[PDB]
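Quick look at coords.txt (compact mmCIF, C-alpha atoms and all ligand atoms):
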```txt
# COMPACT_ATOMS: atom_id res chain seq x y z
CA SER A 29 72.23 -46.74 -21.28
CA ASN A 30 68.98 -46.03 -19.56
CA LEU A 31 67.46 -43.17 -17.63
CA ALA A 32 65.23 -44.10 -14.64
CA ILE A 33 63.36 -41.46 -12.57
CA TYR A 34 61.08 -41.21 -9.58
CA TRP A 35 57.60 -39.73 -9.73
CA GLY A 36 54.94 -39.57 -7.02
CA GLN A 37 56.25 -37.24 -4.35
CA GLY A 38 56.79 -33.97 -6.26
CA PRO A 39 55.40 -30.82 -4.63
CA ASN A 40 52.58 -29.76 -6.94
CA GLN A 41 53.38 -32.57 -9.41
CA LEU A 42 51.84 -32.62 -12.83
CA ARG A 43 50.10 -35.97 -13.59
CA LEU A 44 52.19 -38.99 -14.74
CA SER A 45 50.95 -38.60 -18.34
CA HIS A 46 53.13 -35.47 -18.57
CA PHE A 47 56.16 -37.64 -17.90
CA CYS A 48 54.96 -40.50 -20.19
CA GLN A 49 55.40 -37.95 -22.98
CA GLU A 50 59.06 -37.29 -21.96
CA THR A 51 60.90 -39.21 -24.61
CA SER A 52 64.22 -39.29 -22.72
CA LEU A 53 62.76 -41.36 -19.94
CA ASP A 54 63.11 -45.09 -20.04
CA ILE A 55 61.96 -46.13 -16.54
CA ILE A 56 59.65 -44.48 -14.04
CA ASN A 57 59.41 -45.61 -10.46
CA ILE A 58 56.09 -44.70 -8.70
CA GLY A 59 56.42 -43.82 -5.03
CA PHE A 60 55.24 -45.21 -2.73
CA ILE A 61 53.74 -48.19 -0.96
CA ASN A 62 54.87 -46.60 2.32
CA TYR A 63 52.76 -48.45 4.93
CA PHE A 64 53.77 -52.09 5.39
CA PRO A 65 51.27 -54.78 6.57
CA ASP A 66 52.89 -55.52 9.98
CA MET A 67 52.05 -52.09 11.47
CA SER A 68 49.12 -51.04 9.30
CA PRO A 69 45.34 -51.34 9.82
CA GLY A 70 44.16 -54.88 8.57
CA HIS A 71 47.74 -55.96 7.75
CA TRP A 72 47.07 -54.19 4.37
CA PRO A 73 49.88 -52.12 2.82
CA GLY A 74 49.04 -48.43 2.41
CA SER A 75 50.16 -45.96 -0.30
CA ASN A 76 50.86 -42.27 -0.75
CA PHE A 77 51.25 -40.52 -4.02
CA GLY A 78 51.57 -36.84 -3.03
CA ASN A 79 48.76 -34.78 -4.63
CA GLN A 80 47.53 -37.68 -6.67
CA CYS A 81 44.50 -39.83 -5.98
CA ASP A 82 41.20 -38.55 -4.50
CA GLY A 83 42.17 -39.32 -0.85
CA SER A 84 39.80 -42.31 -0.50
CA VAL A 85 41.30 -45.39 1.13
CA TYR A 86 39.98 -48.99 0.84
CA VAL A 87 38.07 -50.49 3.82
CA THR A 88 38.22 -54.35 4.18
CA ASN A 89 35.70 -57.25 4.27
CA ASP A 90 35.76 -56.47 8.02
CA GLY A 91 35.02 -52.72 7.89
CA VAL A 92 38.66 -51.85 8.71
CA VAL A 93 39.70 -48.49 7.29
CA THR A 94 43.12 -49.13 5.62
CA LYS A 95 45.95 -46.85 4.46
CA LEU A 96 45.67 -47.82 0.80
CA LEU A 97 44.45 -45.30 -1.81
CA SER A 98 41.35 -46.43 -3.77
CA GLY A 99 40.71 -43.52 -6.11
CA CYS A 100 44.01 -43.19 -7.93
CA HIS A 101 42.23 -42.45 -11.25
CA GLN A 102 44.97 -40.48 -13.14
CA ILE A 103 47.57 -43.09 -12.31
CA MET A 104 45.43 -45.95 -13.58
CA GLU A 105 44.75 -43.89 -16.80
CA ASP A 106 48.39 -42.81 -17.11
CA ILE A 107 50.53 -45.95 -16.45
CA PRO A 108 49.39 -47.57 -19.85
CA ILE A 109 50.40 -44.45 -21.85
CA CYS A 110 53.92 -44.69 -20.34
CA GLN A 111 53.98 -48.41 -21.22
CA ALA A 112 52.48 -47.83 -24.71
CA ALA A 113 55.54 -45.52 -25.06
CA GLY A 114 58.20 -48.18 -24.31
CA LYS A 115 58.63 -47.31 -20.67
CA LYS A 116 58.86 -49.67 -17.80
CA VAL A 117 56.84 -48.71 -14.76
CA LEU A 118 57.82 -50.10 -11.39
CA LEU A 119 55.87 -49.55 -8.21
CA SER A 120 58.19 -48.43 -5.45
CA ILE A 121 58.15 -49.79 -1.86
CA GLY A 122 59.04 -47.56 1.05
CA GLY A 123 60.53 -44.14 0.57
CA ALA A 124 61.48 -41.50 3.07
CA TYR A 125 58.35 -41.00 5.10
CA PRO A 126 57.26 -42.33 7.58
CA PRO A 127 60.44 -43.70 9.16
CA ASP A 128 58.89 -46.44 11.38
CA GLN A 129 57.90 -49.22 8.95
CA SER A 130 59.40 -52.67 8.52
CA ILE A 131 58.82 -56.45 8.22
CA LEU A 132 58.68 -58.73 11.25
CA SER A 133 58.67 -62.29 9.86
CA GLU A 134 59.29 -64.41 6.83
CA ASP A 135 55.54 -65.05 6.71
CA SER A 136 54.55 -61.35 6.53
CA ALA A 137 57.24 -60.80 3.84
CA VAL A 138 55.75 -63.65 1.65
CA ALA A 139 52.23 -62.16 2.25
CA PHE A 140 53.50 -58.53 1.51
CA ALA A 141 54.95 -59.83 -1.84
CA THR A 142 51.81 -61.90 -2.62
CA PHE A 143 49.43 -58.95 -1.80
CA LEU A 144 51.38 -56.58 -4.13
CA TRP A 145 51.54 -59.30 -6.83
CA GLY A 146 47.78 -59.88 -6.62
CA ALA A 147 46.99 -56.21 -6.27
CA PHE A 148 49.02 -54.50 -9.01
CA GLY A 149 50.31 -57.59 -10.88
CA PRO A 150 48.43 -59.54 -13.57
CA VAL A 151 44.66 -59.81 -13.23
CA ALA A 152 43.96 -63.18 -11.72
CA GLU A 153 40.77 -65.15 -11.06
CA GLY A 154 40.92 -66.23 -7.52
CA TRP A 155 42.24 -62.86 -6.46
CA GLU A 156 39.80 -61.29 -3.99
CA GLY A 157 41.94 -58.27 -3.10
CA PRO A 158 42.06 -54.61 -4.15
CA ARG A 159 42.95 -53.41 -7.65
CA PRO A 160 43.99 -49.82 -6.84
CA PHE A 161 45.01 -49.14 -10.46
CA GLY A 162 42.30 -51.31 -12.04
CA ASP A 163 43.40 -53.75 -14.78
CA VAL A 164 46.76 -52.00 -15.22
CA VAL A 165 49.71 -54.30 -14.63
CA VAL A 166 52.92 -52.73 -13.48
CA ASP A 167 56.29 -53.88 -14.87
CA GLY A 168 57.84 -54.54 -11.56
CA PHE A 169 58.62 -53.42 -8.06
CA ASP A 170 61.29 -51.08 -6.75
CA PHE A 171 62.72 -51.45 -3.25
CA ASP A 172 63.46 -48.02 -1.78
CA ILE A 173 63.77 -49.22 1.80
CA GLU A 174 65.71 -46.42 3.56
CA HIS A 175 64.87 -47.35 7.22
CA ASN A 176 65.01 -50.06 9.93
CA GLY A 177 67.35 -52.78 8.58
CA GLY A 178 67.17 -55.39 5.79
CA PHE A 179 65.06 -58.20 7.33
CA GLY A 180 62.42 -59.68 4.96
CA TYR A 181 63.42 -58.16 1.62
CA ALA A 182 65.35 -60.96 -0.08
CA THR A 183 62.33 -63.16 0.70
CA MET A 184 59.95 -60.53 -0.85
CA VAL A 185 62.25 -60.33 -3.91
CA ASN A 186 62.53 -64.12 -4.43
CA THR A 187 58.79 -64.47 -3.76
CA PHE A 188 58.14 -61.83 -6.46
CA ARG A 189 60.56 -63.62 -8.79
CA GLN A 190 58.84 -66.87 -7.93
CA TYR A 191 55.66 -65.19 -9.27
CA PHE A 192 57.37 -63.73 -12.36
CA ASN A 193 58.50 -67.19 -13.45
CA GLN A 194 54.89 -68.36 -13.91
CA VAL A 195 54.23 -65.67 -16.53
CA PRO A 196 56.78 -66.83 -19.13
CA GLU A 197 55.36 -64.62 -21.93
CA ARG A 198 56.00 -61.47 -19.93
CA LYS A 199 59.09 -60.06 -18.49
CA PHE A 200 58.83 -58.31 -15.10
CA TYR A 201 61.53 -56.31 -13.21
CA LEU A 202 62.93 -56.01 -9.71
CA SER A 203 65.06 -53.04 -8.75
CA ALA A 204 66.52 -51.57 -5.55
CA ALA A 205 67.72 -48.19 -4.44
CA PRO A 206 70.54 -48.35 -1.85
CA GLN A 207 72.40 -45.45 -0.38
CA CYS A 208 76.06 -45.13 -1.03
CA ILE A 209 77.67 -46.45 2.28
CA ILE A 210 78.74 -50.06 1.95
CA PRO A 211 77.21 -52.21 3.43
CA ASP A 212 73.74 -50.70 2.90
CA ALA A 213 71.81 -51.44 6.09
CA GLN A 214 68.46 -51.84 4.24
CA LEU A 215 69.35 -53.60 1.07
CA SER A 216 72.67 -55.45 1.21
CA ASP A 217 70.97 -58.63 2.33
CA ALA A 218 68.44 -58.18 -0.52
CA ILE A 219 71.13 -57.39 -3.10
CA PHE A 220 73.27 -60.31 -1.99
CA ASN A 221 70.77 -63.07 -1.56
CA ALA A 222 68.41 -62.25 -4.50
CA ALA A 223 68.55 -61.15 -8.24
CA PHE A 224 67.75 -57.45 -8.88
CA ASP A 225 67.39 -56.43 -12.52
CA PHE A 226 68.51 -52.86 -11.78
CA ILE A 227 70.17 -51.11 -8.81
CA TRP A 228 70.35 -47.35 -8.49
CA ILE A 229 72.61 -46.27 -5.71
CA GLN A 230 71.46 -42.98 -4.31
CA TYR A 231 74.61 -40.84 -4.62
CA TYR A 232 73.17 -37.86 -2.60
CA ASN A 233 72.48 -37.12 1.09
CA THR A 234 75.49 -39.04 2.39
CA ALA A 235 78.77 -37.23 2.52
CA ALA A 236 81.30 -40.15 2.69
CA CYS A 237 80.55 -41.50 -0.80
CA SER A 238 78.44 -38.85 -2.62
CA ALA A 239 78.61 -38.27 -6.40
CA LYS A 240 79.80 -34.72 -5.65
CA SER A 241 82.78 -36.39 -3.85
CA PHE A 242 83.94 -37.36 -7.37
CA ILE A 243 84.18 -33.69 -8.40
CA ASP A 244 85.46 -32.65 -5.01
CA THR A 245 87.51 -35.62 -3.75
CA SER A 246 87.88 -33.88 -0.34
CA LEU A 247 84.20 -34.36 0.57
CA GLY A 248 84.12 -38.18 0.85
CA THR A 249 85.14 -41.00 -1.58
CA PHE A 250 82.94 -41.91 -4.59
CA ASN A 251 82.80 -45.64 -4.44
CA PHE A 252 81.09 -47.04 -7.57
CA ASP A 253 84.16 -49.36 -7.83
CA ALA A 254 83.58 -51.00 -4.43
CA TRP A 255 79.96 -51.38 -5.60
CA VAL A 256 80.85 -53.13 -8.87
CA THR A 257 82.94 -55.53 -6.66
CA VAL A 258 79.99 -56.35 -4.38
CA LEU A 259 77.45 -56.95 -7.21
CA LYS A 260 80.02 -59.42 -8.69
CA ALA A 261 79.80 -61.53 -5.49
CA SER A 262 76.03 -61.21 -5.12
CA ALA A 263 72.90 -62.93 -6.43
CA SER A 264 72.42 -59.71 -8.42
CA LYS A 265 75.74 -60.20 -10.31
CA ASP A 266 73.88 -59.53 -13.62
CA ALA A 267 72.27 -56.38 -12.22
CA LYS A 268 72.71 -53.12 -14.10
CA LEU A 269 74.05 -50.46 -11.72
CA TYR A 270 72.80 -46.83 -11.95
CA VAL A 271 74.31 -43.61 -10.64
CA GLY A 272 71.45 -42.02 -8.67
CA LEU A 273 71.32 -38.20 -8.86
CA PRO A 274 69.24 -35.20 -7.69
CA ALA A 275 67.51 -33.50 -10.66
CA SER A 276 67.82 -30.01 -9.07
CA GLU A 277 69.67 -28.36 -6.17
CA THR A 278 66.27 -28.48 -4.47
CA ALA A 279 65.87 -32.25 -4.67
CA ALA A 280 68.22 -33.50 -1.94
CA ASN A 281 70.37 -31.90 0.81
CA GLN A 282 72.49 -28.89 -0.23
CA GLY A 283 75.63 -29.65 -2.30
CA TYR A 284 74.52 -33.02 -3.77
CA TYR A 285 73.40 -31.63 -7.12
CA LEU A 286 75.98 -31.87 -9.93
CA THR A 287 75.82 -29.75 -13.07
CA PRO A 288 75.57 -31.49 -16.36
CA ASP A 289 79.27 -31.07 -16.96
CA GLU A 290 79.99 -32.56 -13.64
CA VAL A 291 77.67 -35.47 -14.44
CA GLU A 292 79.10 -36.15 -17.76
CA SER A 293 82.62 -36.41 -16.37
CA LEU A 294 81.24 -38.92 -13.75
CA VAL A 295 79.34 -40.92 -16.42
CA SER A 296 81.94 -41.06 -19.25
CA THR A 297 84.46 -42.46 -16.73
CA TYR A 298 82.26 -45.23 -15.30
CA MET A 299 80.44 -46.12 -18.46
CA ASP A 300 83.87 -46.90 -20.02
CA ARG A 301 85.37 -48.70 -16.95
CA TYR A 302 82.31 -50.93 -16.47
CA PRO A 303 80.55 -51.06 -19.83
CA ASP A 304 79.05 -54.35 -18.89
CA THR A 305 77.54 -53.39 -15.53
CA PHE A 306 77.14 -49.60 -15.72
CA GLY A 307 73.50 -49.08 -16.64
CA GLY A 308 72.72 -45.39 -16.67
CA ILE A 309 71.48 -42.54 -14.44
CA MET A 310 68.56 -42.39 -12.05
CA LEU A 311 66.95 -39.12 -11.06
CA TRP A 312 65.39 -37.84 -7.82
CA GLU A 313 62.93 -36.78 -8.95
CA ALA A 314 60.42 -35.96 -11.78
CA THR A 315 59.11 -32.63 -10.60
CA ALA A 316 62.51 -31.25 -9.60
CA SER A 317 63.66 -32.22 -13.14
CA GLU A 318 60.57 -30.35 -14.61
CA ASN A 319 61.42 -27.21 -12.74
CA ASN A 320 65.06 -27.32 -13.59
CA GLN A 321 64.77 -26.10 -17.14
CA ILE A 322 68.19 -25.58 -18.72
CA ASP A 323 67.88 -23.87 -22.17
CA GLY A 324 64.18 -24.69 -22.74
CA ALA A 325 64.53 -28.40 -21.61
CA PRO A 326 64.33 -30.21 -18.22
CA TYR A 327 67.23 -31.81 -16.35
CA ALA A 328 66.35 -35.33 -17.42
CA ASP A 329 66.57 -34.36 -21.15
CA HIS A 330 70.15 -33.20 -20.59
CA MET A 331 71.03 -36.42 -18.68
CA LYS A 332 69.89 -38.57 -21.65
CA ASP A 333 72.01 -36.64 -24.15
CA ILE A 334 74.94 -37.29 -21.86
CA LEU A 335 74.23 -41.03 -21.94
CA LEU A 336 73.90 -41.06 -25.74
CA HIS A 337 76.93 -38.81 -26.23
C1 LIG B 1 64.99 -43.06 -4.58
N1 LIG B 1 64.74 -42.68 -3.18
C2 LIG B 1 64.91 -41.40 -2.85
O1 LIG B 1 65.33 -40.58 -3.64
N2 LIG B 1 64.77 -41.07 -1.54
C3 LIG B 1 64.86 -39.90 -0.88
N3 LIG B 1 65.14 -38.76 -1.48
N4 LIG B 1 64.58 -39.94 0.43
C4 LIG B 1 64.64 -38.86 1.25
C5 LIG B 1 65.38 -38.94 2.43
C6 LIG B 1 65.47 -37.84 3.28
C7 LIG B 1 64.81 -36.66 2.95
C8 LIG B 1 64.07 -36.56 1.78
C9 LIG B 1 63.99 -37.67 0.94
```

Take the structure in the file and give it back as C-alpha cells.
Amino acid sequence: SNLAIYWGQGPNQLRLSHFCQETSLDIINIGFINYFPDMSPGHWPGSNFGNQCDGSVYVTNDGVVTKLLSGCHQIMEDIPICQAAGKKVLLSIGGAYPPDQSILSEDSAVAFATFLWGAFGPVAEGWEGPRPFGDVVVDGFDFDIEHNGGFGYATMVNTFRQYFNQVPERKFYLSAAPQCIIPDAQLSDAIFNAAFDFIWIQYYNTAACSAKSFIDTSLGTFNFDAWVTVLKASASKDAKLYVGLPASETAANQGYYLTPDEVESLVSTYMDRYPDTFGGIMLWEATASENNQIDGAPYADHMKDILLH
C-alpha cells in the first residue's frame, strides 16, 4: 500500500528535492493550478506554489499578464529527481484558495484539460503554449476541487484520459481528493462518470464522517464503507481508495489529527476488509509532516511503517 502526500502550500517549505529524498513517499501531489481559465486573465490557468517560483507570471501573445508562474526553477529541477526515485508526481488542480473558481461550459473544460496536457504533459511539436516546468513531464493530474459544484470535471478527466491513450508506452494517472460527506458536491459526478486511478478522501475538516470519528464514534460516523459501495457503482470502480490524513495537529482544523496508534487501528481494519480497493494513506501535507518529528523521523515515515506492518 502506497503513501501519497501534498507539497506546494507549506509555510516556509523546503524545496521538493527534500521530499524526493524521502524514501517512504510513493506519490507527491503538487498544489496548485488554482486559477481556472473561465475567470482568469487570457483564459489561461494560473498557479500558486507558496514560496516557490520567482513570482514571474507568463504574459500572452497579446500582452495579457496571466496568473501562471513562469520561473518555477526548483520545481522543474526537482520533479525528475522524485521520478528518478520511483515516485509519481501529479499536478494538482484547485485547492483551498481562492474559493471563487469553476468551469462554465463543456468547451472550457476540454480546453482546460488540453492546455494542462500541452503545458505540463509530453513535449509536443505543434504546441505553442507555455512550458512552466520546461521539458519535465508530470505523471498525472490530481483533482482537489473543494468549491462551487462538480460541473466540467468528468469531461476534463475523460479528455485527459483521451490524451493518455495516445501515449501507449507511458502510463499516466488521474486522481481526485473528495471530502468525506457523500455525495461530494465537487467530485461525485467526476468519480461516477470517469475512471480515477486513485481517490484520497479527505478525512479531516468535516465532523460528520472524519477519521477521528472512528476513534471517537460520538463525533460523526467514519464512512469508508459507504465509499467502497459508491466506487463499486462508478466509472472509477477499479480506483484505489486512500484514507486522507493531516500530518500534524497544525495541518487541518483542531481535533482531526490522529496519532500513529490511532491511524494504525484505522488502517489495519480497512486494509483487511477491502484488500482489493484500500490503497493506502494520503497526507496533508509535506511541511506539516516535516515539522512533526516523532523520535528523529517525520510523520510520513511513521505512516509508511504502519502500511508495511
Ligand atoms: C488535499 N486537499 C487538501 O488537503 N485541502 C485542504 N486542506 N484545504 C483546506 C481547506 C480549508 C482550510 C485550509 C485548507

- Task: Would you kindly return, as number ranges by chain, each protein, DNA or RNA residue with an atom no farther than 10 Å from any atom of residue 270 of chain A, considering all atoms listed in the file and excluding same-chain residues fewer than 3 positions away?
- Result: A: 29-32, 205, 226-231, 252, 267, 273, 295, 305-311

Can you write out the residues you just picked, keeping C-alpha atoms, as a compact mmCIF listing (two decimals), in the frame of the given file?
```
# COMPACT_ATOMS: atom_id res chain seq x y z
CA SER A 29 72.23 -46.74 -21.28
CA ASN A 30 68.98 -46.03 -19.56
CA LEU A 31 67.46 -43.17 -17.63
CA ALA A 32 65.23 -44.10 -14.64
CA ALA A 205 67.72 -48.19 -4.44
CA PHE A 226 68.51 -52.86 -11.78
CA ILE A 227 70.17 -51.11 -8.81
CA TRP A 228 70.35 -47.35 -8.49
CA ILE A 229 72.61 -46.27 -5.71
CA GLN A 230 71.46 -42.98 -4.31
CA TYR A 231 74.61 -40.84 -4.62
CA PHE A 252 81.09 -47.04 -7.57
CA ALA A 267 72.27 -56.38 -12.22
CA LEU A 273 71.32 -38.20 -8.86
CA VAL A 295 79.34 -40.92 -16.42
CA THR A 305 77.54 -53.39 -15.53
CA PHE A 306 77.14 -49.60 -15.72
CA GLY A 307 73.50 -49.08 -16.64
CA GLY A 308 72.72 -45.39 -16.67
CA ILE A 309 71.48 -42.54 -14.44
CA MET A 310 68.56 -42.39 -12.05
CA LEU A 311 66.95 -39.12 -11.06
```

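Nearest to ligand LIG 1 (chain B) of all the residues A:140, A:312, A:327, A:200 is A:312, based on only C-alpha atoms and all ligand atoms.
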
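Selection of all polymer residues within 8 Å of ligand LIG 1 (chain B) on the basis of only C-alpha atoms and all ligand atoms gives residues 34, 123, 124, 125, 172, 174, 205, 228, 230, 233, 272, 274, 279, 280, 281, 311, 312 and 313 of chain A.
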
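Comparing A:33, A:243, A:58, A:215 by their smallest distance to residue 77 of chain A, the closest is A:58 (using only C-alpha atoms).
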
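Here atom CA of residue 225 of chain A stands at a distance of 24.7 Å from atom CA of residue 133 of chain A.
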
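Between atom CA of residue 92 of chain A and atom CA of residue 64 of chain A the separation is 15.5 Å.
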
- Message: I need the residue nearest residue 332 of chain A from this list: A:50, A:85, A:248, A:63. Use only C-alpha atoms for the distance.
- Response: A:50

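Distances here use only C-alpha atoms; by that measure, the residue among A:232, A:220, A:284, A:302 closest to residue 265 of chain A is A:220.
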
- Calculate how many Å separate atom CA of residue 108 of chain A from atom CA of residue 163 of chain A, rounding to one decimal. 10.0 Å

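Near residue 255 of chain A, within 9 Å and counting only C-alpha atoms, sit residues 208, 210, 229, 260 and 269 of chain A; same-chain residues fewer than 5 positions away were not included.
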
Starting from the sparse input, extend segment 268-294 of chain A to N, CA and C atoms and give the output as a compact mmCIF listing (two decimals), in the frame of the given file.
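Saved file selection.txt follows:
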```
# COMPACT_ATOMS: atom_id res chain seq x y z
N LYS A 268 72.22 -54.36 -13.52
CA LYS A 268 72.71 -53.12 -14.10
C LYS A 268 72.75 -52.07 -13.01
N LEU A 269 73.92 -51.48 -12.76
CA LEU A 269 74.05 -50.46 -11.72
C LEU A 269 73.79 -49.07 -12.29
N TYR A 270 73.12 -48.23 -11.50
CA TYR A 270 72.80 -46.83 -11.95
C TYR A 270 73.36 -45.80 -10.99
N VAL A 271 73.82 -44.67 -11.52
CA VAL A 271 74.31 -43.61 -10.64
C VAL A 271 73.06 -42.77 -10.33
N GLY A 272 72.59 -42.80 -9.06
CA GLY A 272 71.45 -42.02 -8.67
C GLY A 272 71.76 -40.56 -8.34
N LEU A 273 70.99 -39.65 -8.94
CA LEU A 273 71.32 -38.20 -8.86
C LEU A 273 70.12 -37.33 -8.58
N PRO A 274 70.32 -36.19 -7.89
CA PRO A 274 69.24 -35.20 -7.69
C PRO A 274 69.00 -34.30 -8.94
N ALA A 275 67.74 -34.11 -9.35
CA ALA A 275 67.51 -33.50 -10.66
C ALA A 275 67.62 -31.99 -10.59
N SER A 276 67.63 -31.45 -9.37
CA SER A 276 67.82 -30.01 -9.07
C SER A 276 68.47 -29.83 -7.68
N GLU A 277 69.07 -28.67 -7.46
CA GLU A 277 69.67 -28.36 -6.17
C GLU A 277 68.63 -28.49 -5.06
N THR A 278 67.36 -28.36 -5.43
CA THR A 278 66.27 -28.48 -4.47
C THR A 278 65.58 -29.84 -4.61
N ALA A 279 66.38 -30.90 -4.54
CA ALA A 279 65.87 -32.25 -4.67
C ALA A 279 66.40 -33.19 -3.58
N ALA A 280 67.61 -32.89 -3.11
CA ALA A 280 68.22 -33.50 -1.94
C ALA A 280 68.98 -32.40 -1.17
N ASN A 281 69.56 -32.80 -0.02
CA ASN A 281 70.37 -31.90 0.81
C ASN A 281 71.40 -31.10 0.01
N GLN A 282 71.68 -29.88 0.47
CA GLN A 282 72.49 -28.89 -0.23
C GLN A 282 73.87 -29.42 -0.59
N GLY A 283 74.34 -29.12 -1.80
CA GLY A 283 75.63 -29.65 -2.30
C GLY A 283 75.66 -31.09 -2.83
N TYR A 284 74.52 -31.66 -3.21
CA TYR A 284 74.52 -33.02 -3.77
C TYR A 284 74.29 -33.00 -5.29
N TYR A 285 73.50 -32.02 -5.72
CA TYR A 285 73.40 -31.63 -7.12
C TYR A 285 74.72 -31.32 -7.82
N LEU A 286 74.90 -32.00 -8.96
CA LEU A 286 75.98 -31.87 -9.93
C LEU A 286 75.42 -31.29 -11.22
N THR A 287 76.21 -30.44 -11.87
CA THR A 287 75.82 -29.75 -13.07
C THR A 287 75.98 -30.73 -14.21
N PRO A 288 75.38 -30.45 -15.38
CA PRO A 288 75.57 -31.49 -16.36
C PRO A 288 77.03 -31.82 -16.71
N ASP A 289 77.92 -30.85 -16.65
CA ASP A 289 79.27 -31.07 -16.96
C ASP A 289 79.90 -31.91 -15.92
N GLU A 290 79.56 -31.67 -14.69
CA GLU A 290 79.99 -32.56 -13.64
C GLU A 290 79.46 -33.99 -13.80
N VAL A 291 78.25 -34.16 -14.35
CA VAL A 291 77.67 -35.47 -14.44
C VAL A 291 78.36 -36.21 -15.53
N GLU A 292 78.41 -35.55 -16.67
CA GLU A 292 79.10 -36.15 -17.76
C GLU A 292 80.49 -36.70 -17.43
N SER A 293 81.26 -35.96 -16.64
CA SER A 293 82.62 -36.41 -16.37
C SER A 293 82.54 -37.64 -15.42
N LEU A 294 81.57 -37.66 -14.49
CA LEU A 294 81.24 -38.92 -13.75
C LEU A 294 80.90 -40.12 -14.69
```
